[PDB]
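Coming up is one lone chain in structure tokens, specifically the form deposited in one PDB entry.
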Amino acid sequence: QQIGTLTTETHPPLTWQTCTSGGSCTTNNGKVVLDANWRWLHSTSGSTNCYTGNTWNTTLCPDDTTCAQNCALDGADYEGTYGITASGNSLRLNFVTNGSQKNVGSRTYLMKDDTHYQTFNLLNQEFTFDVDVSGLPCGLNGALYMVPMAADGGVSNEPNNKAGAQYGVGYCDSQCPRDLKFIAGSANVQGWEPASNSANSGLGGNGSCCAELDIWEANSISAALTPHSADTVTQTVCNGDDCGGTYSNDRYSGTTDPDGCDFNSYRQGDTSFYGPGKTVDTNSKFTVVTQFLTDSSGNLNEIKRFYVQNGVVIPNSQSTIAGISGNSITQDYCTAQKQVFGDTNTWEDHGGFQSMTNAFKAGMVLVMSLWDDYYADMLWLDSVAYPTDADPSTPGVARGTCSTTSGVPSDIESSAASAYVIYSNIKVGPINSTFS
């Protein structure tokens, strides 16, 4: 995709911290950028849209290559159009913004400079942030996570990609998303079809795969921490059903792990731990600490979680499911959880902890998003039962307190239009350096 010249792109400021030890943190002046999929996409020749609603202009975009040559991504009105407010240490994302048109959700990335994403290697480090999820009801997902996107947004080896990181180009994840307009320096017009169960109501011929570390996927009801493996940790392009993931005829036929090794306290049997008025009280802001421990060879072997609220350090809740012990993500936990729950261990299939180690070594980009779920209504995160018809007595079925009828986008985009999330006070450093 090309650089549009009709609207200046100014990345809103976001300060975050590097810590070296407890009580020793210094500030970094970062910036945030909106994902390309949310942007106006128009001809390089003028103002004519290449994409409108959920379909393409086939004169401007007769094929994937020509479309990339012909079409430019332009600058974003962050607050006015997208309800994104980045100031000081905080990033607020609003769910619905009814400006000149209706906007639902957003996906943003942390930048090091105007043309590069910040990258992270969290081996032997912890990532820590504050979050307010009080305004997130059933069906919402405020996600803070990491994917090994190319730092430059792909421009170095993609001649038709000039927009790059500057315009939030280069997304990939463990679902191999096919709703992306641009993948690996090409458009995705070929095979594009409208689809009711896609976030943007459309799906192209190709998907964008990579590893994915879901540090935080949450609302006021439930939270999940989920690493996802991949054969190749950085971006690969997949074709149709061979993609696997959400929209394939065979979810597990691809090169990535679409399910991940998840820890949701409620799913792991403790319904008193996380939620409104609970041990981690979602009525108010809290600190989320995620630690990435290694074996003696420097390969990831454990993900730990701590919360801090009112100055009280709260260890992650123990899994209470018989056969699934502990309060962290380890190979023993992942194997036991998949076996006991009766879920396919695609996590292990695509390299598990070694895969995530490789993803960290490649360098991770920080993603901060707010979304509703056109495929499963976020029931996988917060429902009394997922699947909706499954036995709530069966281990792994219950994930939260939300009804099986909750979270339908056409419902909640109305009823929960005021929903928002605030991420703040991001800190990265060695184990134990960001809290005490």
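The term rigid core refers to the most C-alpha atoms you can superpose between the two forms while keeping them within 1.5 Å. Only residues modelled in both forms are compared. One rule holds for the numbers: they count along the sequence shown, beginning at 1.
There is another form of this protein, the form deposited in another entry, and it is not shown here; the text below is about that form.
When the two forms are superposed on their rigid core between this form and the one not shown, the C-alpha shift of 2 Å or more among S198, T290, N358, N206 belongs solely to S198. In that other deposited form, the CA atoms of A398 and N197 move apart by 3 angstroms or more relative to this form. In comparison with the shown form, the Cα-Cα distance of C209 and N200 increases by at least 3 angstroms in that other deposited form. Here is what shifts between this form and the one not shown when you lay the two on the core: runs of at least 3 residues, every Cα off by 2 Å or more, at 21-23, 196-201.
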